[PDB]
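Encoded as structure tokens, the structure appears first; notes follow it.
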Amino acid sequence: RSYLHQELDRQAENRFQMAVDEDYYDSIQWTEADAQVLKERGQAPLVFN
Amino acid sequence: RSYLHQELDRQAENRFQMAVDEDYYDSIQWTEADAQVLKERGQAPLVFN
Amino acid sequence: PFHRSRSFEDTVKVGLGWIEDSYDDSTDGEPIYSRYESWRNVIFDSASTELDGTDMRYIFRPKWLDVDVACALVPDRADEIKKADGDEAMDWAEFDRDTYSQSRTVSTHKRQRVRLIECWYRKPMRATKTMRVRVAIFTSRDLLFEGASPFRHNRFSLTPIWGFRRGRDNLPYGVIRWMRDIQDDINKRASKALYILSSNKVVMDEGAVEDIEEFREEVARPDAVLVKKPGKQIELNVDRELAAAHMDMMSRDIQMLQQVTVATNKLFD
Amino acid sequence: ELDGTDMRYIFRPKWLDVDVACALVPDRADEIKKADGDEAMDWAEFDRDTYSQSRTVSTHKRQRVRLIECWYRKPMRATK
Amino acid sequence: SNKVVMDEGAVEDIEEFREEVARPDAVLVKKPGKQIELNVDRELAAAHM
Amino acid sequence: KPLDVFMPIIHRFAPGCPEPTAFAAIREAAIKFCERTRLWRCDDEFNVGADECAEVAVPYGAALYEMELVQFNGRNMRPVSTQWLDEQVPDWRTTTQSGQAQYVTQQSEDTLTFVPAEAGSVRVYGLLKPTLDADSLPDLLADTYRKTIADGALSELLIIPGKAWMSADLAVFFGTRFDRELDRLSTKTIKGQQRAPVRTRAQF
Amino acid sequence: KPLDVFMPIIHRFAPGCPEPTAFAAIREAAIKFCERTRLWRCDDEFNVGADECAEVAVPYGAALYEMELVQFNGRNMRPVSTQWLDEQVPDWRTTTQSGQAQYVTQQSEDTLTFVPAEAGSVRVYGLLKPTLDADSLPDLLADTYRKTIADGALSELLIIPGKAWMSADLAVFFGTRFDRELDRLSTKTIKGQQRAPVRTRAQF
């Protein structure tokens with residue numbers, strides 16, 4: 001369990017990066033904060049992908 | 001019945017998205033609110049599809 | 001071949017993919033099973049420097065299973081399974097499945113899912129006459145079974161299909177990263193250009209308009225009638241060549257994505 | 001699973017007429033006679049049932065009932 | 001971002017000006033006899049590209 | 001609150017003006033100020049029902065300049081012009097059917113009409129304008145912006161002919177100052193004292 | 001602090017003017033100075049709760065000209081106009097549900113409203129403006145910037161007709177100098193005495 005915890009907390013940066021990469025693959029490319037910024041503009045967010 | 005309810009409400013978002021996709025396929029691409037806005041404009045809505 | 005194709009597809013999108021070839025006993029007819037494991041569900045030792053993966057000391061495989069399946073999987077220890085961490089990826093998937101909806105009235109009958117972690121570790125032996133693989137399956141609070149690897153080959157079943165591997169920290173990354181940041185820049189450029197098209201920026205003489213609220217609301221409307229004072233100039237359409245500039249910037253970023261078979265050869269190798 | 005064996009259950013809600021549903025399964029016609037779903041299939045069926053916004057529906061009306069076929073997997077733990 | 005060269009009394013509140021110049025939707029007010037020159041240098045963007 | 005706080009400025013520039021005439025000039029200048037600045041605001045609640053063209057209720061020494069926002073029984077209503085209804089919604093005047101109120105039209109000076117008539121509470125959020133005969137101006141005009149309304153009133157008082165108070169140069173100077181101060185304060189509705197930014201609405 | 005330091009300049013350029021008139025002109029000129037320069041700042045704290053439109057407490061010889069920012073229980077709070085809330089956040093006034101504050105609106109002249117009502121400490125960091133009747137002007141207006149306020153007041157006095165003080169040439173000249181000095185000092189809020197740079201916010 002200690003080894004698994006060390007592996008998880010050491011890999012967390014690159015695992016999160018790979019998760020975000022897989023998320024950008026399927027046309028999900030807007031950060032929540034920037035999506036809110038666009039929403040306040042009245043502009044619908046778009047992804048060119 | 002409980003399993004069916006869980007599977008139905010768990011996939012509700014994707015079910016709605018697929019329904020909207022199939023709806024977009026056969027030349028219905030206008031939101032009802034935007035269609036009303038165009039109607040007040042005096043403009044007939046059009047879809048290029 | 002479908003498993004290998006999916007595995008390489010994942011090695012393209014993300015850093016690495018795992019294909020496992022092992023021997024299992026069950027009512028399933030095929031004894032030697034070769035199946036894909038996602039990059040999410042595998043935790044691998046990062047101290048390894050060998051390309052083969054021999055220096056990989058231990059591999060952890062967190063799997064999410066139903067209680068009935070998990071109890072049926074290993075006998076003689078059903079009580080511990082009944083009574084019973086992870087990264088945000090697989091935990092997020094499982095918790096999204098458990099959540100169903102934001103606010104939901106879950107009935108009494110709820111499917112119960114438990115986490116089993118299968119660990120393969122290597123320990124030196126130095127027989128008098130060296131590395132012996134041992135399988136370790138453990139839940140959150142206890143281990144279900146501990147034993148040596150029955151297979152003659154002294155390596156873990158899971159083989160990682162590598163990709164672009166970072167030089168400094170020796171951790172894989174997918175094809176995406178550079179395309180990723182140029183893509184988010186392209187999205188920002190497109191959104192900015194569309195906004196600039198939609199909404200006019202107005203710099204005016206201080207006494208241009210009598211009613212500033214109606215003016216503010218109806219600048220963009222193509223049918224609006226604007227009432228202005230005689231000698232107080234209104235400058236509408238202040239900065240709109242920015243639209244063409246941002247469109248050109250997006251096109252240039254597309255061209256740079258084009259620039260950035262032979263280049264991809266390392267993934268195929 | 002790419003294979004799909006890990007799929008524990010599948011549900012097939014079918015919309016059937018009372019006559020045909022009664023014919024398909026015998027010895028339990030009373031339960032069918034006295035007889036959830038997502039927006040898609042129920043929307044189609046209710047659009048069929050609605051006809052128009054305001055109509056004078058006659059006494060004779062097609063009665064449609066929903067039957068759900070559930071294929072589920074349970075481990076057996078055969079000693080063999 | 002815009003660069004601004006202006007007379008001293010071009011704008012009454014320089015803080016709202018400072019924040020809202022870059023905004024594509026902002027309403028900017030200036031005094032009559034004081035000129036405003038937004039976009040002082042912008043061919044430099046083409047030069048740098 | 002009373003105009004005697006406005007009086008010292010006038011008697012400093014116009015030495016011997018009668019108080020009633022100065023009062024009238026101050027009230028008219030404040031009318032112009034509230035017409036341009038639109039700062040003064042108030043809320044009222046009243047019941048409207050059964051095709052009743054109800055009138056707004058405002059403080060006695062004031063008049064309703066403009067309706068910033070109208071709410072029917074908790075609904076943010078959309079104001080429309082009468083010709084807009086005649087185009088989009090036929091039989092507005094002929095019909096008597098009651099329904100959920102959706103647009104407001106002001107046929108008369110101070111009476112608001114809803115194209116669907118209903119019996120429900122109406123909350124009006126409207127800018128105020130001092131009446132031509134108000135003994136006491138509201139606190140915001142007198143306490144904080146005394147000088148501007150004083151400038152307008154002094155312009156009007158210096159306009160008066162055939163009197164020792166007549167001076168074209170000072171009248172023009174005070175009129176220009178009043179115009180400039182009104183012009184600077186014109187944005188206070190959207191801005192306020194909170195520095196809220198003014199941003200154009202975008203239409204897609 | 002007292003106006004007796006300002007008044008000698010008025011003596012020099014407007015010979016032997018009565019003290020109350022010169023003092024009133026000092027107050028008006030300093031008001032315009034603070035409206036333009038915005039250099040006076042003070043920090044105020046009060047407790048706001050239970051849908052109360054609390055008023056900002058200010059020193060006796062001052063008025064809250066403009067709020068640089070508001071902090072709500074340690075939260076940097078965002079000011080928006082009332083129409084912005086009406087158009088994004090509906091049922092703004094009707095709703096009584098409590099929550100953590102997110103938007104500030106100044107519906108009245110000195111009252112602050114937060115779109116979620118909550119009972120907590122509110123700190124208002126805002127610019128100040130001298131009141132129309134202040135015995136003592138602040139230190140910044142008196143000690144270091146006496147000459148600009150003096151020029152504005154001299155314009156005000158020299159406008160006065162039918163007196164030995166009246167001189168249109170000097171009135172125009174001092175008005176121009178006052179405008180130019182205010183105009184130069186307009187940037188002193190951002191720059192300060194520390195030469196802080198003025199840099200346009202960049203939007204991508």
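In the structure tokens, each chain is lettered A, B, ... as it comes, each chain's residues begin at 1, and ligands are numbered from 1 in order of appearance.
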
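Once the Cα atoms of chain G are best fitted to those of chain F, pair by pair, the RMSD stands at 0.3 Å.
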
Return as an NGL selection string the residues belonging to chain E that are within 12 Å of chain A, counting only C-alpha atoms.
:E and (23-26)

Hey, can you spit out that residue selection with N, CA, C and O atoms as a CSV table (one decimal), in the first residue's frame?
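out-v3.csv written:
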```
chain,number,residue,atom,x,y,z
E,23,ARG,N,-10.9,45.4,-24.0
E,23,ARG,CA,-12.2,44.7,-24.1
E,23,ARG,C,-12.9,45.0,-25.5
E,23,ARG,O,-13.0,46.2,-25.8
E,24,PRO,N,-13.3,44.0,-26.3
E,24,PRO,CA,-13.9,44.3,-27.5
E,24,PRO,C,-15.3,44.9,-27.4
E,24,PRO,O,-15.9,45.4,-28.4
E,25,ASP,N,-15.9,44.8,-26.2
E,25,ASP,CA,-17.3,45.3,-26.0
E,25,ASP,C,-17.3,46.6,-25.1
E,25,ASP,O,-18.4,47.1,-24.9
E,26,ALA,N,-16.2,47.1,-24.7
E,26,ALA,CA,-16.2,48.2,-23.7
E,26,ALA,C,-16.7,49.5,-24.3
E,26,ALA,O,-16.5,49.8,-25.5
```

Give the residues of chain F that lie within 6 Å of chain E; count only C-alpha atoms, and format the answer as a PDB file with N, CA and C atoms, in the first residue's frame.
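Wrote it out as selection-v9.pdb, contents follow:
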```pdb
ATOM      1  N   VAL F 198     -18.835  49.439 -17.908  1.00  0.00           N
ATOM      2  CA  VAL F 198     -19.894  49.559 -18.903  1.00  0.00           C
ATOM      3  C   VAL F 198     -19.460  48.760 -20.124  1.00  0.00           C
ATOM      4  N   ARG F 199     -20.189  47.695 -20.438  1.00  0.00           N
ATOM      5  CA  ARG F 199     -19.812  46.778 -21.504  1.00  0.00           C
ATOM      6  C   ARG F 199     -20.981  46.587 -22.458  1.00  0.00           C
ATOM      7  N   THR F 200     -20.712  46.727 -23.754  1.00  0.00           N
ATOM      8  CA  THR F 200     -21.755  46.584 -24.760  1.00  0.00           C
ATOM      9  C   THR F 200     -22.230  45.139 -24.848  1.00  0.00           C
TER      10      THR F 200
END
```

Near-segment 227-240 of chain C list (7 Å; only C-alpha atoms; drop same-chain fewer than 3 positions) as JSON, numbers by chain:
{"C": [196, 200, 201, 202, 203, 204, 205, 207, 208, 209, 243]}

Can you spit out the residues from that selection as a compact mmCIF listing (two decimals), in the first residue's frame, using N, CA and C atoms?
```
# COMPACT_ATOMS: atom_id res chain seq x y z
N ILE C 196 -15.14 39.69 -31.49
CA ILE C 196 -14.87 40.98 -32.11
C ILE C 196 -15.85 41.23 -33.26
N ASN C 200 -19.64 45.50 -30.98
CA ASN C 200 -18.89 46.70 -31.31
C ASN C 200 -18.25 47.30 -30.06
N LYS C 201 -17.03 47.79 -30.22
CA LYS C 201 -16.38 48.61 -29.20
C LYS C 201 -16.64 50.07 -29.54
N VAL C 202 -17.07 50.84 -28.55
CA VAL C 202 -17.49 52.21 -28.77
C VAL C 202 -16.63 53.13 -27.92
N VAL C 203 -15.90 54.03 -28.58
CA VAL C 203 -15.29 55.18 -27.93
C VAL C 203 -16.02 56.41 -28.45
N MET C 204 -16.48 57.25 -27.54
CA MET C 204 -17.36 58.35 -27.90
C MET C 204 -16.91 59.63 -27.20
N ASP C 205 -17.34 60.75 -27.76
CA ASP C 205 -17.30 61.99 -27.02
C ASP C 205 -18.18 61.86 -25.78
N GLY C 207 -20.38 63.38 -24.26
CA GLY C 207 -21.81 63.62 -24.32
C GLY C 207 -22.47 63.10 -25.58
N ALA C 208 -22.02 61.94 -26.04
CA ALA C 208 -22.50 61.42 -27.32
C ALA C 208 -23.97 61.05 -27.27
N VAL C 209 -24.38 60.27 -26.26
CA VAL C 209 -25.71 59.68 -26.22
C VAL C 209 -26.44 60.18 -24.98
N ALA C 243 -10.10 41.39 -36.02
CA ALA C 243 -10.73 40.16 -36.49
C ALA C 243 -9.88 39.47 -37.54
```

Write out as CSV a residue-level contact list of chain A versus chain G with cut-off 12 Å: for each qualifying residue the closest pair of atoms and the distance in Å to one decimal, counting only C-alpha atoms, rows sorted by chain and residue number upward.
```
residue,atom,partner,partner_atom,distance
A:34,CA,G:204,CA,10.7
A:37,CA,G:204,CA,11.3
A:38,CA,G:204,CA,11.6
A:39,CA,G:88,CA,10.3
A:40,CA,G:88,CA,8.1
A:41,CA,G:88,CA,10.6
A:42,CA,G:88,CA,9.9
```

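Every protein, DNA or RNA residue with an atom at most 9 Å from residue 38 of chain G, where only C-alpha atoms count and chain neighbours fewer than 3 positions away do not, is listed here: residues 33, 34, 35, 41, 65, 66, 127, 128, 129, 186, 188 and 189 of chain G.
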
So that I can check the surroundings of segment 109-123 of chain C, please list as a PyMOL selection string every protein, DNA and RNA residue that reaches within 9 Å of it, counting only C-alpha atoms and ignoring chain neighbours fewer than 2 positions away.
(chain B and resi 2-3+6) or (chain C and resi 56-68+70+81-82+84-85+94+98+106-107+125+130-140+143-144+149+154-157)

Considering only C-alpha atoms, give me a table of residues in chain G that are at most 9 Å from chain F, with the closest atom pair and distance in Å for each, as a tab-separated table.
```
residue	atom	partner	partner_atom	distance
G:21	CA	F:12	CA	7.7
G:24	CA	F:9	CA	8.9
G:28	CA	F:147	CA	7.5
G:63	CA	F:144	CA	7.6
G:64	CA	F:193	CA	8.0
G:65	CA	F:193	CA	6.4
G:66	CA	F:193	CA	4.3
G:67	CA	F:194	CA	4.9
G:68	CA	F:194	CA	7.0
G:69	CA	F:194	CA	7.3
G:70	CA	F:194	CA	8.5
G:78	CA	F:196	CA	8.4
G:79	CA	F:196	CA	5.3
G:80	CA	F:196	CA	4.7
G:81	CA	F:190	CA	5.4
G:82	CA	F:190	CA	7.4
G:83	CA	F:190	CA	7.6
G:84	CA	F:190	CA	8.9
G:86	CA	F:76	CA	8.0
G:90	CA	F:76	CA	7.3
G:91	CA	F:74	CA	7.1
G:94	CA	F:74	CA	6.5
G:104	CA	F:194	CA	7.8
G:105	CA	F:194	CA	7.5
G:106	CA	F:192	CA	6.5
G:107	CA	F:41	CA	7.7
G:108	CA	F:41	CA	7.2
G:109	CA	F:140	CA	6.4
G:110	CA	F:193	CA	8.0
G:112	CA	F:194	CA	8.9
G:126	CA	F:194	CA	8.6
G:131	CA	F:144	CA	7.2
G:132	CA	F:143	CA	7.2
G:159	CA	F:170	CA	7.3
G:160	CA	F:13	CA	5.9
G:161	CA	F:13	CA	7.0
```

Go ahead and write the selection's residues with N, CA and C atoms as a short mmCIF file (atom, residue, chain, number, x, y, z; two decimals), in the first residue's frame.
```cif
data_model
loop_
_atom_site.label_atom_id
_atom_site.label_comp_id
_atom_site.auth_asym_id
_atom_site.auth_seq_id
_atom_site.Cartn_x
_atom_site.Cartn_y
_atom_site.Cartn_z
N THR G 21 -17.46 82.98 2.30
CA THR G 21 -17.54 82.79 0.85
C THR G 21 -16.28 82.12 0.32
N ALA G 24 -16.35 78.50 1.31
CA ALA G 24 -17.25 77.71 0.47
C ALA G 24 -16.61 77.42 -0.88
N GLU G 28 -15.81 73.76 -2.53
CA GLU G 28 -16.24 73.34 -3.86
C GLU G 28 -15.06 72.97 -4.75
N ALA G 63 -17.57 62.64 2.16
CA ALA G 63 -18.62 61.85 1.54
C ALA G 63 -17.98 60.79 0.66
N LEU G 64 -18.61 59.63 0.60
CA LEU G 64 -18.08 58.49 -0.15
C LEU G 64 -18.24 58.76 -1.64
N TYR G 65 -17.19 59.29 -2.26
CA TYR G 65 -17.25 59.55 -3.70
C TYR G 65 -17.33 58.27 -4.51
N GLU G 66 -16.43 57.33 -4.26
CA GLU G 66 -16.29 56.19 -5.16
C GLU G 66 -15.57 55.08 -4.41
N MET G 67 -16.02 53.86 -4.64
CA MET G 67 -15.53 52.69 -3.93
C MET G 67 -14.47 52.00 -4.78
N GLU G 68 -13.22 52.03 -4.31
CA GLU G 68 -12.14 51.38 -5.04
C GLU G 68 -12.36 49.88 -5.11
N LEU G 69 -12.77 49.27 -4.00
CA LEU G 69 -13.14 47.87 -3.96
C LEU G 69 -13.87 47.59 -2.66
N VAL G 70 -14.55 46.45 -2.62
CA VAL G 70 -15.26 45.98 -1.43
C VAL G 70 -14.76 44.58 -1.10
N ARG G 78 -16.80 41.62 -6.47
CA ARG G 78 -16.86 42.17 -7.82
C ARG G 78 -18.06 43.09 -7.98
N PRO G 79 -17.86 44.38 -8.24
CA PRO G 79 -19.00 45.28 -8.47
C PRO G 79 -19.54 45.15 -9.88
N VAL G 80 -20.87 45.07 -10.00
CA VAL G 80 -21.55 45.06 -11.29
C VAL G 80 -22.76 45.99 -11.21
N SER G 81 -23.23 46.43 -12.38
CA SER G 81 -24.39 47.31 -12.43
C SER G 81 -25.67 46.53 -12.13
N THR G 82 -26.72 47.27 -11.79
CA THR G 82 -28.01 46.64 -11.51
C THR G 82 -28.60 45.98 -12.75
N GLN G 83 -28.42 46.60 -13.92
CA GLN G 83 -28.93 46.01 -15.15
C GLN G 83 -28.21 44.72 -15.49
N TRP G 84 -26.91 44.64 -15.19
CA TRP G 84 -26.18 43.40 -15.43
C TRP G 84 -26.77 42.24 -14.64
N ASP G 86 -29.90 42.20 -13.53
CA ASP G 86 -31.23 41.99 -14.08
C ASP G 86 -31.19 41.10 -15.31
N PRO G 90 -31.50 36.67 -12.66
CA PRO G 90 -32.86 37.11 -12.39
C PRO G 90 -33.38 36.77 -11.00
N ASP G 91 -34.56 37.33 -10.70
CA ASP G 91 -35.12 37.31 -9.35
C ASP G 91 -34.13 37.89 -8.34
N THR G 94 -36.48 39.79 -5.66
CA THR G 94 -37.54 38.96 -5.09
C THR G 94 -36.97 37.85 -4.21
N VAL G 104 -21.77 43.06 -6.19
CA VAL G 104 -22.14 44.28 -5.48
C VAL G 104 -22.92 45.18 -6.42
N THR G 105 -24.03 45.73 -5.93
CA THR G 105 -24.79 46.74 -6.65
C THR G 105 -25.15 47.86 -5.70
N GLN G 106 -25.07 49.10 -6.19
CA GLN G 106 -25.38 50.28 -5.40
C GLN G 106 -26.69 50.86 -5.92
N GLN G 107 -27.80 50.31 -5.41
CA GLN G 107 -29.11 50.74 -5.88
C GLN G 107 -29.42 52.16 -5.43
N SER G 108 -29.05 52.51 -4.20
CA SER G 108 -29.18 53.86 -3.69
C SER G 108 -27.87 54.62 -3.85
N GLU G 109 -27.81 55.79 -3.22
CA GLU G 109 -26.65 56.66 -3.41
C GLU G 109 -25.46 56.19 -2.57
N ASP G 110 -25.71 55.64 -1.38
CA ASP G 110 -24.65 55.15 -0.50
C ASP G 110 -24.92 53.77 0.08
N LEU G 112 -25.16 49.56 -0.26
CA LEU G 112 -24.55 48.47 -0.99
C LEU G 112 -25.40 47.22 -0.84
N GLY G 126 -12.71 52.75 -0.28
CA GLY G 126 -13.25 53.68 -1.25
C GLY G 126 -12.63 55.05 -1.15
N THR G 131 -17.30 67.11 2.14
CA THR G 131 -18.69 67.52 2.12
C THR G 131 -18.79 69.01 1.81
N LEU G 132 -19.99 69.44 1.42
CA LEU G 132 -20.19 70.83 1.01
C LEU G 132 -19.97 71.78 2.18
N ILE G 159 -15.39 85.03 -10.53
CA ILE G 159 -16.64 85.03 -11.28
C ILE G 159 -17.66 85.99 -10.66
N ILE G 160 -17.64 86.17 -9.34
CA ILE G 160 -18.69 86.91 -8.63
C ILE G 160 -18.85 88.31 -9.19
N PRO G 161 -20.07 88.72 -9.54
CA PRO G 161 -20.27 90.01 -10.21
C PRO G 161 -20.50 91.14 -9.22
#
```

Counting only C-alpha atoms, chain C residues within 10 Å of chain D, as a ChimeraX atom specification:
/C:2-3,6,26-27,35-37,65-66,68-75

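From atom CA of residue 113 of chain G back to atom CA of residue 52 of chain G, the distance works out to 7.9 Å.
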
Determine, for each residue of chain C having at least one atom at most 9 Å from an atom of chain A, the closest pair of atoms and their separation in Å to one decimal, counting only C-alpha atoms; order by chain and ascending number, as a Markdown table.
```
| residue | atom | partner | partner_atom | distance |
| --- | --- | --- | --- | --- |
| C:10 | CA | A:22 | CA | 8.6 |
| C:13 | CA | A:22 | CA | 6.0 |
| C:14 | CA | A:18 | CA | 5.1 |
| C:15 | CA | A:18 | CA | 6.6 |
| C:39 | CA | A:15 | CA | 8.8 |
| C:40 | CA | A:15 | CA | 7.9 |
| C:43 | CA | A:7 | CA | 6.9 |
| C:44 | CA | A:7 | CA | 7.3 |
| C:45 | CA | A:7 | CA | 6.7 |
| C:46 | CA | A:7 | CA | 7.5 |
| C:58 | CA | A:3 | CA | 8.9 |
| C:60 | CA | A:4 | CA | 7.2 |
| C:85 | CA | A:5 | CA | 6.8 |
| C:86 | CA | A:8 | CA | 7.0 |
| C:87 | CA | A:8 | CA | 6.2 |
| C:88 | CA | A:16 | CA | 7.8 |
| C:89 | CA | A:19 | CA | 6.9 |
| C:138 | CA | A:1 | CA | 8.9 |
| C:140 | CA | A:1 | CA | 8.1 |
| C:171 | CA | A:14 | CA | 7.4 |
| C:172 | CA | A:14 | CA | 8.0 |
| C:173 | CA | A:18 | CA | 7.0 |
| C:174 | CA | A:18 | CA | 7.3 |
| C:176 | CA | A:21 | CA | 6.3 |
| C:177 | CA | A:21 | CA | 7.1 |
| C:180 | CA | A:21 | CA | 7.2 |
| C:183 | CA | A:49 | CA | 7.1 |
| C:184 | CA | A:29 | CA | 6.7 |
| C:186 | CA | A:48 | CA | 8.0 |
| C:187 | CA | A:47 | CA | 6.2 |
| C:190 | CA | A:46 | CA | 8.3 |
| C:191 | CA | A:45 | CA | 7.4 |
| C:194 | CA | A:43 | CA | 8.4 |
| C:195 | CA | A:43 | CA | 7.3 |
```

Which is closest to chain B among D:40, D:16, D:7, D:67, if we use only C-alpha atoms?
D:40

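Across the structure, atom CA of residue 43 of chain E and atom CA of residue 3 of chain E are spaced 12.4 Å apart.
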
Using only C-alpha atoms and a distance of at most 10 Å, pull out the residues of chain D that contact chain B, as a count of residues only.
12

Nearest to chain G among C:192, C:266, C:210, C:224, with distances taken over only C-alpha atoms: which residue is it?
C:192

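Remark: for chain C, the closest of the candidate residues E:21, E:47, E:40, E:5 is E:21 (distances computed over only C-alpha atoms).
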
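Distance-wise, atom CA of residue 32 of chain D and atom CA of residue 50 of chain D end up 22.0 Å apart.
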
Please return as a PyMOL selection string: the residues of segment 3-204 of chain F that backbone DSSP assigns to strand (DSSP E or B).
chain F and resi 41-48+55+62-72+75-76+78-79+98+103-105+111+113-114+117+120-130+136+199

As a ChimeraX atom specification, please: all residues of chain A that backbone DSSP puts in helix (DSSP H, G or I).
/A:2-25,32-41
